Amino acid sequence: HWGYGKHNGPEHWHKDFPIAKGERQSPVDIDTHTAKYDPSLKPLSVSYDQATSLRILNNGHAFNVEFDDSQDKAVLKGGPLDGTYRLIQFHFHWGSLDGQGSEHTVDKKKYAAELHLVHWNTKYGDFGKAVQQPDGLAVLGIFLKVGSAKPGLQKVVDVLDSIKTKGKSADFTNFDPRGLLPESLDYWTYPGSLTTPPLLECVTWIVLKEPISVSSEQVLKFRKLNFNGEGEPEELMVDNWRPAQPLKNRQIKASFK
Ligand SMILES: Nc1cccc(-c2ccc(S(N)(=O)=O)cc2)c1
Ligand SMILES: Nc1cccc(-c2ccc(S(N)(=O)=O)cc2)c1
Ligand SMILES: [Zn+2]
């Protein structure tokens with residue numbers, strides 16, 4: 001099926017998912033000089049104190065740290081958003097080399113990786129219903145650069161050997177995603193899509209201006225994961241990013257001057 005190889009990668013997706021060529025596809029390049037400060041945008045409200053992580057899953061495309069989203073426990077509010085969005089999972093996209101890996105770019109700059117914290121609008125009742133709505137999801141995107149280690153990432157890094165291959169999962173309780181955030185919550189925002197099939201146009205993207213730093217050793221461990229299942233030829237899980245898509249009729253707004 002779809003993936004990130006020569007024969008099933010982003011340039012092929014449109015054949016099964018025609019929305020791939022749609023009017024509000026993600027990711028995009030963030031042209032910092034063209035993005036307009038919007039003084040009406042509110043500070044983001046990230047409320048993760050009551051988060052309940054449950055499990056970590058290798059799904060053959062990335063790994064997901066999954067949360068209990070059966071109550072308002074970890075929520076994103078404010079910013080460009082109307083209402084309350086519940087954290088369901090986070091995952092990353094990363095490269096084979098430090099010079100690539102991010103999905104969004106900033107003045108064409110690629111970062112080593114990009115963290116996506118995925119939230120759904122509670123007015124739609126559950127995640128499956130939310131992805132069918134133009135304002136169904138809010139994804140908080142955070143860039144990763146290689147430098148000093150991120151101590152809050154280490155618990156994630158250390159469990160990866162137990163979920164090496166597609167379909168493997170492991171208990172992953174009491175993980176605090178606040179340890180993955182940068183200091184500043186300054187952001188860019190625009191209407192877009194899921195960045196993998198089914199590529200649904202249901203996402204308010206909120207991309208933080210400040211990257212987090214992770215160590216070379218941390219990202220090297222991401223790169224030891226496998227796209228393949230157990231007992232299949234090893235294909236390293238690297239370069240699981242979609243490149244920038246046309247902005248078309250969209251404006252990127254900045255929360256900051
Ligand atoms: N080589 C090969 C064999 C069988 C199926 C495929 C394949 C399957 C799905 C897609 S896609 N990206 O979903 O359109 C692209 C390629 C590719
Ligand atoms: N299979 C499936 C079903 C529903 C949603 C998704 C999904 C969710 C989030 C994202 S992303 N990478 O955060 O934009 C991409 C795809 C994937
Ligand atoms: Zn993602």
Side-chain angles (χ1 to χ4, degrees), residues 2-5 7-22 24-28 30 56-67 69 74 76 81 85-95 100-105 110-121 124-144 156 166-167 169 177 180 187-208 212 222 225 227-229 232-233 235 237-245:
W2 73 266
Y4 296 94
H7 307 285
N8 65 352
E11 307 308 309
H12 289 273
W13 295 350
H14 73 98
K15 291 176 278 173
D16 289 272
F17 306 94
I19 203 173
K21 295 180 187 284
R24 56 176 280 189
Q25 287 292 289
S26 296
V28 300
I30 301 167
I56 192 172
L57 173 70
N58 179 332
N59 64 18
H61 308 293
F63 64 87
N64 290 353
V65 174
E66 295 159 359
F67 290 79
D69 66 345
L76 183 66
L81 308 169
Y85 291 68
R86 279 193 200 157
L87 178 65
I88 177 170
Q89 53 108 322
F90 71 77
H91 60 272
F92 302 83
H93 307 261
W94 62 91
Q100 65 198 53
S102 69
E103 300 208 296
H104 293 90
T105 56
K110 297 174 165 97
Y111 287 87
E114 188 174 329
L115 166 63
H116 291 161
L117 294 125
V118 181
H119 314 73
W120 56 275
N121 196 328
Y124 302 120
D126 69 8
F127 181 80
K129 285 293 203 59
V131 299
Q132 300 174 67
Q133 317 299 328
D135 60 350
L137 297 196
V139 185
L140 180 60
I142 303 178
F143 296 117
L144 276 65
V156 174
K166 177 171 71 82
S169 70
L180 298 174
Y187 65 87
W188 295 284
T189 185
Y190 75 95
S193 74
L194 306 176
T195 67
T196 78
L199 295 166
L200 297 169
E201 289 178 337
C202 63
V203 183
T204 300
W205 276 97
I206 300 167
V207 177
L208 296 191
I212 59 166
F222 282 18
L225 289 164
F227 283 128
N228 55 282
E232 296 177 350
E235 185 76 63
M237 185 180 280
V238 295
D239 297 316
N240 59 347
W241 51 277
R242 189 194 198 189
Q245 300 301 305

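Sequential numbering from 1 along the given sequence is applied to the chain's residues. One-based numbering, in listed order, for ligands and for the atoms of each. The analysis underlying the following values was restricted to heavy atoms, covering all of them including side chains, and did not include hydrogens, waters or symmetry mates.
In terms of N/O distances under 3.5 Å, ligand 1 is not approached by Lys15. Not a single N or O atom of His7, backbone or side chain, sits closer than 3.5 Å to an N or O atom of ligand 1.
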Item to complete: Test side-chain hydrogen bond (donor to acceptor under 3.5 Å, both in side chains) on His116 and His93 and set out the steps.
Response: CA-CA 8 Å; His116 291 161; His93 307 261; 3.1 Å; yes

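For the pair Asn59 (side chain) and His61 (backbone), a donor-acceptor distance under 3.5 Å is present. Counting only distance, with no hydrogens or angles, the side chain of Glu201 and the backbone of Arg24 share a donor-acceptor pair below 3.5 Å. Formation of a donor-acceptor pair under 3.5 Å by the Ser26 side chain with backbone atoms of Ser193 is found in this model. Checked by atom type and distance alone, the side chain of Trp94 pairs as donor or acceptor with a backbone atom of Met237 at under 3.5 Å.
Atoms of ligand 2 lying under 4.0 Å from at least one heavy atom of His93, given by number and element, are 12 (N).
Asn121 and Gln133 share no side-chain donor-acceptor pair at under 3.5 Å. Looking only at atom types and distance, the side chain of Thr195 has a donor-acceptor partner in the side chain of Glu103 under 3.5 Å away.
Between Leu140 and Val207, every side-chain heavy-atom pair lies at or beyond the 4.5 Å cut-off. Proximity of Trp205 to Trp188: side-chain heavy atoms (C-beta onward) are nowhere separated by under 4.5 Å.
Looking only at heavy atoms of the protein, atom 16 (C) of ligand 2 is closest to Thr196 OG1, 3.2 Å. Atom 4 (C) of ligand 2 has as its closest protein heavy atom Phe127 CE2, 3.6 Å. From the protein, the heavy atom lying nearest to atom 3 (C) of ligand 2 is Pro198 CD, 4.2 Å.
Around CD of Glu232, the count of heavy atoms belonging to other residues, nucleotides or ligands within 6.0 Å exceeds 12.
Of the candidates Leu194, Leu140, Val118, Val131, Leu194 brings a heavy atom nearest to atom 10 (C) of ligand 2. The closest heavy-atom contact to atom 12 (N) of ligand 1, among the options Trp13, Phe17, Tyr4, comes from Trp13. Counting heavy atoms only, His91 comes closest to atom 11 (S) of ligand 2 of the residues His61, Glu103, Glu114, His91.
Panel detail: the Zn ion (ligand 3) has protein N, O or S atoms under 2.8 Å away, 3 in number.
Counting heavy atoms closer than 4.0 Å to ligand 2, residue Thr195 contributes atoms from both its backbone and its side chain. The side chain of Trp205, and not its backbone, has at least one atom closer than 4.0 Å to an atom of ligand 2 (non-hydrogen atoms only; side chain from C-beta on).
The aromatic rings of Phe143 and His104 sit perpendicular to each other, their planes meeting at more than 60°, with 30° as the lower class boundary.
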